[PDB]
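Only one chain comes next, encoded as structure tokens, the form deposited in one PDB entry.
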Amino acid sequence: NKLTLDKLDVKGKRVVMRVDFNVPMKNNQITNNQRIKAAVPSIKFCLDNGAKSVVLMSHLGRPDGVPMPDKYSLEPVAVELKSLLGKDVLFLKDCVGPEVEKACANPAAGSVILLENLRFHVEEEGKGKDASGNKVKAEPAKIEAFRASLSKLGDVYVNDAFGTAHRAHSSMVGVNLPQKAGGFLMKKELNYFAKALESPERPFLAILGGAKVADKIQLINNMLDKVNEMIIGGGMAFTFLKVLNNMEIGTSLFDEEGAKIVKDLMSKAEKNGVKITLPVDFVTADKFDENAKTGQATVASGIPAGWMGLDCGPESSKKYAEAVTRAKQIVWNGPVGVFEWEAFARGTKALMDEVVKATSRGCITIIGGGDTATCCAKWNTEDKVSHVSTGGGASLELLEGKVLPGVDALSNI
């Protein structure tokens, strides 16, 4: 088992903390601060408990190992963190090197420091692209030196970067300090998912939605071994329906590879006892546009040639709601329509309504990061579900039954 922050003594200690501050940005400003807010409990605990410093490190975006200060700087995050903490945050223009080590060597007590984007250095990922666009690999001596440098910035290490936990990057697995502790966010996220996977309240419903089938196959198979019911929604559903029901789907997404295995998936579900709920009706569009002409369809009518399905219809929302009603635990990963466009948002919104009502009556409702978490912000329901994950990719890994290097790298207890 793993060391965690609650058991760590930080008094008079410099804490180097990996966080996931890889927040959505637009035009040099933050569009969603949840990832930042999510780390505050760990940071506050360190400060409250006497830490000399807290040195925060993260990536932002995918600069691919070249400094891109004008495009992918973490400077705005520092400003936002200050607002959230109500305490000053010193932003450094790099993450390693002699000046950074000196700045972090013995700061004034209580100092909060945010380093520049780790991914400005190829050593963080271990690979990248040069300024010319060439793929490159980092060199071993250089990668060790990068890790050594980060390790100097603190006396103890905390990893609260749940969002990044799937990445075996230098900041994430390569810090060499005597104590390497999981932070409060890391703990909370893992604990929600482990329980869902291992010991769920039942019935356990998974709601999976998305465009493709092919890239959810490990997810669906693993989940089919854990759940009692599954809703398969969004664009991916058309593959199941074309295969299963001989449905005419028009220009709707169709996954040729996935089509090959739909029956195998259904057969597994039937063997395991899992009830599969697919959509039975749709909102149609003449093209993939917010302002497309719209229509309605059912599995039986088909979708007319040249049209595409972009949301489920009211009959599907009904059927989805029945499954939600039965559930004692829910994991929801994926919207069931093109939620960012009004004409195609009704299915997702209705489903959100149901999940919120479920929570109120004791359902454990866990919302996967990414698009599903985005819907929670959009519709202001972040506090009306049990858990809104900060980590869409990381949580998909957990849902697929895979290990997280970021976790595994922590100190054993």
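Sequential numbering from 1, following the sequence displayed. In this text, the rigid core denotes the largest set of C-alpha atoms whose superposition between the two forms falls within 1.5 Å.
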property: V299 dropped in a third or more of the other entries; result: no
property: Check: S132 without coordinates in a third or more of other entries; result: yes
property: Of 258-266 and 284-292, the stretch whose C-alpha atoms average the higher B-factor in the entry; result: 258-266
property: Higher-B stretch (mean Cα B-factor, as the entry records it), 126-134 or 233-241; result: 126-134
property: Top residue by Cα temperature factor, when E144, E116, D88, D155 are compared in the entry; result: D88
property: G174, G183, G309, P304, ranked by C-alpha B-factor: the highest one; result: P304
property: Third assignment of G369 from its chain's C-alpha B-factors; result: highest
property: Chain-relative CA temperature factor third for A377; result: highest
property: Among modelled residues of the same chain, the CA temperature factor third for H121; result: lowest
property: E322 CA temperature factor, ranked by third within the chain; result: highest
property: Chain third (lowest, middle, highest) by recorded CA B-factor, residue given as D160; result: lowest
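Below, we refer to the form deposited in another entry, which is not included among the displayed structures.
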| property | result |
| --- | --- |
| Answer among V175, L185, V122, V262 for the CA shift between the shown form and the other one that reaches 2 Å or more, rigid core superposed | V262 |
| Cα separation of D64 and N333 in the other form versus here, shift of 3 Å or more | closer |
